[PDB]
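[1] Would you be able to build a 3D model of this:
(9 chains, ligands or ions: 4)
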Amino acid sequence: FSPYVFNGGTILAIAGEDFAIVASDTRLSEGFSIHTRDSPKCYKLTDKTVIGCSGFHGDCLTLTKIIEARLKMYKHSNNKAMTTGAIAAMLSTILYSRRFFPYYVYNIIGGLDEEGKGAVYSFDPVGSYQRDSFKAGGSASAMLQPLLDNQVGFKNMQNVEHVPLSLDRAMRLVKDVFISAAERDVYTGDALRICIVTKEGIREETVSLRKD
Amino acid sequence: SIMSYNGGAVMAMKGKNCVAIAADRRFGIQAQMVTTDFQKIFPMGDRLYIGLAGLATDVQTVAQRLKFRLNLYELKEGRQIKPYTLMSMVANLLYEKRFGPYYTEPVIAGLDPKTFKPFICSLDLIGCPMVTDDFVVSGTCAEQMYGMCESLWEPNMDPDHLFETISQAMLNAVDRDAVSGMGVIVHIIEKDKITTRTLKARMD
Amino acid sequence: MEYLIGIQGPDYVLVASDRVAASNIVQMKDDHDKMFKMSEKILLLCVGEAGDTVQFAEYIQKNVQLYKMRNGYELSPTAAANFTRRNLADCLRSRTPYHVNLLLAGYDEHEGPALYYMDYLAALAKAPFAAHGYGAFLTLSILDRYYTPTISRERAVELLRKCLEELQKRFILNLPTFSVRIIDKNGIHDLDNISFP
Amino acid sequence: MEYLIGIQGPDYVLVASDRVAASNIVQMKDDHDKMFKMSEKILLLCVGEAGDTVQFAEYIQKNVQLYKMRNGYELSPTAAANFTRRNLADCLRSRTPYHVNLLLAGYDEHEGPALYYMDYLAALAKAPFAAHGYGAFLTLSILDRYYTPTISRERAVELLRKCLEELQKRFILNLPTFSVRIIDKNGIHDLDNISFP
Amino acid sequence: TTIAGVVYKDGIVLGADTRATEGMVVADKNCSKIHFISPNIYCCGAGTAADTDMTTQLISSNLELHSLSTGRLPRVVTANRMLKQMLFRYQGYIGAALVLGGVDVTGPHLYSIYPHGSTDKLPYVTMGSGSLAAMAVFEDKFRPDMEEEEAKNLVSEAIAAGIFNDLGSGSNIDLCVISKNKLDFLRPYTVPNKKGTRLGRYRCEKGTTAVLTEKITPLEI
Amino acid sequence: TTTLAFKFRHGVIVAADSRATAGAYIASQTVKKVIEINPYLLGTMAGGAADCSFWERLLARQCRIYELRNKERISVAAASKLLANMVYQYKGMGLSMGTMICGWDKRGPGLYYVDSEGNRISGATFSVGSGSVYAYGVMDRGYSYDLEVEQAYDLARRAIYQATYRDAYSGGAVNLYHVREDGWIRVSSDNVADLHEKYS
Amino acid sequence: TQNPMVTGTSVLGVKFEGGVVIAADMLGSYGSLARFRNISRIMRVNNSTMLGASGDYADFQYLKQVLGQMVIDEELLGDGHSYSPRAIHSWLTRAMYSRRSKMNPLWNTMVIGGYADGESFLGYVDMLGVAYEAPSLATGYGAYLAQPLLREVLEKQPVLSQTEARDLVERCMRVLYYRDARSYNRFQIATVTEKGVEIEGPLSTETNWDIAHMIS
Amino acid sequence: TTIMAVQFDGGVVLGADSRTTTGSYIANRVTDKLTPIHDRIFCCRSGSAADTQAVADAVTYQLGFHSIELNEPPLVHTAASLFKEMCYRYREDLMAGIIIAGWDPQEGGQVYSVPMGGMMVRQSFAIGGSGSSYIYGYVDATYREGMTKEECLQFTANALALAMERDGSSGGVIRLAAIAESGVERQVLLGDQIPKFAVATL
Amino acid sequence: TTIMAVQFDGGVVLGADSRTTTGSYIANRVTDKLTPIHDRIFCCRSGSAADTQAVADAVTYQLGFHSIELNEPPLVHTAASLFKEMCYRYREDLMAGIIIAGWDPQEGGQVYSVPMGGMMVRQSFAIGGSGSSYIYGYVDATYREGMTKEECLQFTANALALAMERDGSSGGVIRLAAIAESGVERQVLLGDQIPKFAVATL
Ligand SMILES: *C(=O)[C@]1([C@@H](O)[C@@H]2C=CCCC2)NC(=O)[C@@H]2CCO[C@@]21C
Ligand SMILES: *C(=O)[C@]1([C@@H](O)[C@@H]2C=CCCC2)NC(=O)[C@@H]2CCO[C@@]21C
Ligand SMILES: *C(=O)[C@]1([C@@H](O)[C@@H]2C=CCCC2)NC(=O)[C@@H]2CCO[C@@]21C
Ligand SMILES: *C(=O)[C@]1([C@@H](O)[C@@H]2C=CCCC2)NC(=O)[C@@H]2CCO[C@@]21C
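    Residues are numbered from 1 along each chain as shown, chains lettered A, B, ... in the order given. Ligands and ions are numbered 1, 2, ... in the order given. And now the structure:
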């Protein structure tokens, strides 16, 4: 009896000066079959924080419920909503509590810090986390990450101006990168769910990917 | 995995009347680097090249046996080999060892010796040929190369833009693989010249 | 574990090996030679599994000398190295594989000095410097730090001494004495052994 | 592998240990102490698995010193040895066994000098001389050949030097320096380290 | 992989997908899984790509030799015997699963050949990882003695079912129609999937890449 | 991973790389392998990232509690002993930690090596990780107790650079720290590409 | 349980305008042996919720015991609050995940169907705690043989009638009888609408064996 | 799989199911497990589809050659002997349970069983396969001496239907063959031709 | 082992073989596999002798206590429920296949099957054990509705004899029990009382 299974899915987060973007694919699969074509992997935590979970789906559901409960408890005890960094540290301790029977979940947190700037935090299944500027996770993370290193980080580029990232360019880049991923990865496709975090709140967009 | 023992990445890309083939330069035993000038691209003709990725011993073995067979073919036939014929020859060589496989995957890039039409193909562990009109990759960082190539490749590129595209793809892909890197070498094959370039890369 | 090292200079090659033959926990021999003379300007240094080392090395030696007898001239270092790699690779997939790690040093009148590295899987590399063993892990960075392509043989012997001193300080095995040879246009010269009291 | 040795004389005990702390192939430390002071006239020498050695040794040390504080006099070497064997044996069949090999040296005003040998299975033996490690295999016969019960401490230091010299000649591990202590009616005395350049 | 085949009133329809994968990554998007055996016999291959390729090439050469010797049109039973004897000889270590369709003097014949050397002669067959999805369509909608267009639509539907419901199948749909009077090798027949349009131009400009050494060799024409 | 530390006349030098790997995939090139336990006490991380982070953060909490209760800062030996006792309880369960604890206390400079196996050793020079063997050679050929501060900086940078050159699982940047009597300072973060330019 | 003993094959579910329909065969297999040929694998949970299970029949019976008691306990209170299909689905997910985390799974795959507040519910739970919602569902071999046909109909026509849904279920059951070795010719059909839960008993499929004469 | 053969005065009756399984998936649902080895000699194949097909083809080849050289109709015992030799020689490599039934002018109608392992025994009736286990008591209770061809056909159909009801590896249609001096007659029973037995209901 | 129970209007009939085996050696050849759980409730035990004995003793204890507290004759369903609870709770530890047959004033004669794993199903007839496999077709062909007690006894004896002929783990004597409102009647069939079926001979 194996307590795990791989359910696929790709998530992406890009931090801006005044925005954050969290995107995911909506396909849920097991083995060579497709369970559903309409399962998003992004969840709203606060009005300033979104989380992205990929991996084993039962662990994803349980962890989502646990995080929501902990946020409610914190608001009861401390009379304020939790910040993005506090959520990241709490999630790190939650993940390490299962060190000897882990959560098979890959997590990316995206939101705004206390100065209003974009913040992305990436986790491994046991709770090691880091603050980044962009990050990809899931089955097509190895395809997506080099392109973001080139196009957002300007790595290996010679005499190229480091113009700050705009929300328009970031949205176009996300759409293009997921279009490229759905070509080569069998676990990625169906639809793309994009969540944009700004001081005005969270805004959602859906675009179509290829169904084969 | 026995393929990942030495690492290595090879890539071939198609242009307008031109082909490009790029490879990494590291030779190492698992985690230790031994040399930084290991040859993985071999000439099989004036406008025909083969790149091999995988176990370095099989890389050298396959290159030498392939040159044996190609030299005999060109002596008997009095002609230069076409890229598709070389693909078939390599597939035959690899499938003769079906149950004792050579641990190498080849890419072939060339121009037809008469009509000067670009050709690129890839072969897997036992010799199933894959002919493409865009690009082919092989090695330990294949997924990274796939992402870069899908994002950057455009049809009907001139030699300079082809060089820029393949160089960016290889550099950014090997920067994310631990056992690949330590330099990149690129060959641009045209009708009238071969251009070989070494790239400024990360040596960590 | 046994240790081999080779440094290439503008007109010379410098090789050193350890002189220990061990069984279990005892050192049975402390003046063992691990260098085989292929020709007047070629040396083969072999470590690895017992029996495999001498059998493979002496087979290669016999065939190289037979080439000299049959043709009236000697194999070049590159040709000898490729012959060695062919034989090791051919025997790799058979029922009698050799578990040997090798260095090949030589001087060619037309090509100059050459040092070649070969692992037990029969991959052949050409290097300015190289080493074999667990001590390689400790001394390769010392070579990286202080090696220049234009180095004289006095400075090469000094750098070799640095590497062996590091082995005496940080390595867990008792490797107290080392055999040192040099190959130049005049042939193979035995230098003094490097010993640590 | 680590090395311990003990020689008992008419009025003294002589103990020596090696000073090497190793991880994989590198010597991380070369001035490590493997001798623990139980009381004014008792020494414990412990080798074995990492962590187990210090935890067990310091537990024993703490309880022996607590006996001194509570009762106003000190445990005799025999009683300390039996306490140690009881604790190791009790933990042998539990879920947290200690993999430690021990020597215990002491002087009693009424019973004289004593040397005790204990293996990881918690069997306790009393010996005139004893050793622990892979080097024991090489040096126990030297002790058998030259030891007499009436030996003076100068001759004991000479015999210890013979054993360590044999380790330098025949042993495959690099054990270059040794800590030497003596226990007599006046207590514990640190002798000079025995070093081999 | 999804491969399928039906018999209709005048002959054979074979269908396949065009995706080739190495694990869970897509290696080829335009693979041809319908192989030529003789001008009247064709084969759809699944399993290990190299095994399928080499086996079909060997049997095609042997059948060409036989037809040159006899001067007559080859028969599908001859191909069936050759293939299954070869596959039984290797005890299932040649991983070829084949759908064999032909028209000879005795009529339309369709076979399913399994890697261990087992053969079934049937009026409709499916093989591959998407075989069950195609077989559902066949068991729902198959009728004996169909017309050419009905059979083409049915095989297209079965291949599409494999494409959209299996992770190892995708891309385009290839068809082969074999009657006694004609052969139609339709690549591609339908395109159900395309790549979305790109929204950004990833600055491709000269001088972005830094070069250490350069060597130019002129070639003579 | 390559971590390095040595004691010299003017204090303690700590240096680390910044590459995080998951198999042969480079997860990160900007990871932080030095934890700041308190303004006078530093720790390094090698092995399991999560293990090292969690347990050294736990050590930081315990050390703060010590300072509150005893109204005096903790010593390096006591902190290393606390960490060793904490990780001994989980022996055989699969913890991967290799740590250096560095600081300045009433006995002067201090440097301790603590690993999940159970070792706790004092010393003057240490290196932990995959590339530690390559760093040891350069450090041993260059190390003196009477080094000048800039010379010590250069030696540490050179050793980490050579380790990243030879080891596949080391790379990124060299992060350097100097423990002095008044506390530690962040010296530099130098990319190994720039160091390749400087040294070649 | 670590080894299932008596099992059931596949369960089917489709939602339509005004309710949900679920289908399952009446067979319990002991390996390859069709041992218990008259068992019901569909359960009426409450007036809005019905449940069907595949896998270990003993685990299914345990779940039926626990769920029935929970429903009775809620009805004793008399406060006008009932369990929705969604709440029963969430409770089932929690139960399965808790059992999996103790390394003592319940060897079942479950389909939950319901109709509450003018809205249809169809939900899937697996042995490991994977749970989701979809407009059509099939477990076991039906995931390979039946889900294609149901999905193809639903992509073209996203809203179905009761007649169309029942016809589609009967077609899929026929396909399962053709191609599944652990299948049986008698099945039950449960429907949930605004009137509640109705179970229609031993139904059979009409088979066609004409291709038997095409073998030659 | 369920295969059966019954001997009557002047011939034999063979019967089989029509299911091929790859695990729990039915690859072929109308398969023919009755093979003509010669004009009046048939085999029922159980076990590995590939192995049984190969053995049957080899025996057909050898028996045809033998019959041409001797200029006689072959004996059923000879075919059973060829099967036994091949199945015993390659018993480590083959999974093949065979029933050989036929008519010859010298001994009449004959039924031989070659189980796995390569033994050969002549029986008055023989059953084989995975479903054969469920009908052992029924055939022992119902078999009587001196049955006619029609009674043998009914008996075989009843037994095969009972086996197909209880076995997950057996099912489909019933294929029957009657072999006598006048020749071979083949039947298919499908749908409502298959005998029905009432299921217990509470 | 072969155990059987058949329901008739007004009661039940149970039957079993009498073989205990430790491998291929018969340790007990006259064992009683029919156990009185209560006055009108019996169980047939299959599987592990020790496990089935322990479970039967525990259920007898619990049912007696329950009947004393309620001052009523127990129900057959209650006994089947107690067996099901124990067999499901300890399904990892126990190898026990049970048949529970009985009569109660409310529902009449009842037969319940508790297979391994701990499921509970009411049947009109139930068979179990290792020999039960060989008589599945026979019971499906021979069972008819509205049998009398004597016909049920004959049917059970025939089935058990057929099972004992083909199974190496079943044999000995046949033990039968008829349970009705008037009580329990027990029989042993041995030697020539056991039904005989002719063996095919060439
Ligand atoms: C199909 O079966 C498939 C293809 O590679 C296919 C094989 C034979 C002809 C060439 C291409 N075989 C495979 O191994 C993968 C796994 C699932 O389907 C494949 C794409
Ligand atoms: C280093 O040991 C290493 C780092 O990923 C790890 C991560 C950051 C902080 C602690 C050190 N651990 C590993 O497992 C890989 C393989 C070897 O080196 C790593 C890069
Ligand atoms: C029967 O034994 C069976 C058949 O597939 C096979 C079909 C062709 C003729 C020989 C018999 N063999 C098997 O492996 C499966 C499993 C059980 O029965 C089969 C259906
Ligand atoms: C029957 O199943 C059997 C009996 O020994 C046992 C005897 C007492 C009552 C319970 C049943 N159990 C066994 O393990 C052997 C092997 C097969 O059948 C047995 C005889």
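[2] from here on, contacts and neighbour counts on C-alpha atoms
    Fine.
[3] longest single helix anywhere in the chain?
    Using chain A here. The longest helix of chain A (DSSP state H) is helix A:57-78.
[4] hm, I was asking about chain H
    helix H:49-70.
[5] Report the buried residues of it.
    H:49-56, H:59-60, H:63 (16 or more other Cα atoms under 10 Å in any protein chain shown).
[6] and those near ligand 3, which?
    residue H:49 (Cα under 6 Å from any ligand atom).
[7] mind listing the strands for the chain?
    Just so you know, I chose chain A. In chain A, the segments counted as strands under DSSP state E are A:10-15, A:20-25, A:28-30, A:33-36, A:42-44, A:49-55, A:105-112, A:118-123, A:129-132, A:134-138, A:191-198, A:201-208.
[8] Not quite, go with chain G.
    Taking DSSP E as the criterion, chain G carries its strands at G:7-8, G:11-16, G:19-25, G:28-30, G:33-36, G:42-44, G:49-56, G:108-116, G:119-125, G:131-133, G:136-138, G:186-193, G:196-204.
[9] can you list contacts of the third one?
    Read it as strand G:19-25. Strand G:19-25 is contacted by residues G:9-15, G:40-42, G:52, G:113-115, G:119-122, G:162, G:165-166, G:169, G:183-194 when judged by Cα atoms under 8 Å, 6 or more residues apart in numbering or on different chains.
[10] and the gap between the spatially closest residue to residue G:135 that is not a sequence neighbour and chain C?
    In space, residue G:135 comes closest to residue G:15 once its chain neighbours are excluded; the distance is 5.8 Å by Cα to Cα, 6 or more residues apart in numbering or on different chains. To chain C, residue G:15 is 61 Å away according to Cα to the nearest Cα, to the nearest Å.
[11] number of nearby residues for residue G:15?
    28 (other Cα atoms under 10 Å in any protein chain shown).
[12] cool, residue H:185 as well?
    Using other Cα under 10 Å, residue H:185 is surrounded by 11 other residues.
[13] For it, give me phi and psi.
    Dihedral pair for residue H:185: phi -120, psi 130, per degrees, to the nearest 10.
[14] re the thing from before, flag every buried residue along the longest helix of chain A.
    For helix A:57-78, burial by neighbour count (16+ other Cα under 10 Å) applies to A:57-61, A:63-64, A:67, A:70-71.
[15] Tell me which residue in chain H sits closest to chain B.
    Closest contact between chain H and chain B, by Cα to the nearest Cα, is at residue H:93 (20.6 Å).
[16] ok, that residue - how many residues close by?
    With other Cα under 10 Å as criterion, residue H:93 counts 11.
[17] What residues does it make contact with?
    Contacts of residue H:93 by Cα under 8 Å, 6+ apart: none found.
[18] Skip the chain neighbours and tell me the closest residue to residue 159.
    If you meant another chain, say so; for now it's chain A. Using Cα to Cα, 6+ apart and skipping the chain neighbours, the partner closest in space to residue A:159 is residue E:208 (6.7 Å).
[19] Chain H, not that one
    Closest to residue H:159 by Cα to Cα, 6+ apart is residue H:135, at 6.5 Å.
[20] So that neighbour is in contact with residue I:136, correct?
    Yes: counting by Cα atoms under 8 Å, residue H:135 touches residue I:136, with 6.9 Å between them.
[21] More neighbours: which of these two?
    Counted by other Cα under 10 Å, residue H:135 and residue I:136 do not tie: residue H:135 has more neighbours, with 27 against 24.
[22] Next one: the closest residue in space to residue B:9 that isn't next to it in sequence from residue B:2, what distance?
    Once flanking residues are discounted, residue B:9 sits nearest to residue B:139: 4.4 Å by Cα to Cα, 6+ apart. As judged by Cα to Cα, to the nearest Å, residue B:139 and residue B:2 stand 12 Å apart.
[23] picking up where we left off before, wait, what's in contact with the residue nearest to residue B:9?
    Going by Cα under 8 Å, 6+ apart, the list of residues near residue B:139 reads B:7-10, B:53-54, B:105.
[24] returning to what we had before: elements contacting the longest helix of chain H?
    Here helix H:49-70 touches strand H:41-47, helix H:76-89, strand H:96-104, going by 3 or more Cα pairs under 8 Å, 6 or more residues apart in numbering or on different chains; DSSP states H and E.
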